[PDB]
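Peer 1: Have a look at this one.
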């Protein structure tokens, strides 16, 4: 900035850092878990 | 491995342990019989021959 008389140390010392985390849209899943499951206890 | 245990109808652990112990006993008795001197006890027959 450095326009007024007094100043600040560095341009990173007036920034607010947020820890909020955002994610874009993700594809939906359909075939993964629509079929019936068959337990097996052997080869 | 922890998958051959499931990939079978009956267990296979007691067989493993018993094979371990019996192999150990077989090897020690064989070595006492006719073991040489290279890193293993000198066998009775070897003692008799070298005396």
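Residue numbers (the entry's author numbering), protein chains in the order written: chain I, 162 to 204; chain E, 256 to 306.
All C-beta atoms in this analysis are idealised placements derived from N, C-alpha and C, irrespective of residue type, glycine included.
Just mark residue 290 (chain E) as buried or exposed, buried being the case when its beta carbon has 16 or more other beta carbons within 10 Å.
Peer 2: Classification for residue 290 (chain E): buried.
Peer 1: Check the C-beta distance from residue 203 (chain I) over to residue 264 (chain E) and give it rounded, since I have them as a contact under 8 angstroms.
Peer 2: The pair is a contact, with the Cβ atoms about 6 angstroms apart (cut-off 8 angstroms).
Peer 1: Answer yes or no: do residue 286 (chain E) and residue 298 (chain E) have a C-beta to C-beta separation smaller than 8 angstroms?
Peer 2: Yes, the Cβ-Cβ distance between residue 286 (chain E) and residue 298 (chain E) is below 8 angstroms.
Peer 1: So which residues on chain I does residue 264 (chain E) lean against when the C-beta distance must stay under 7 angstroms?
Peer 2: Within 7 angstroms Cβ-Cβ: 203.
Peer 1: So for residue 301 (chain E), helix, strand or coil by DSSP?
Peer 2: Helix.
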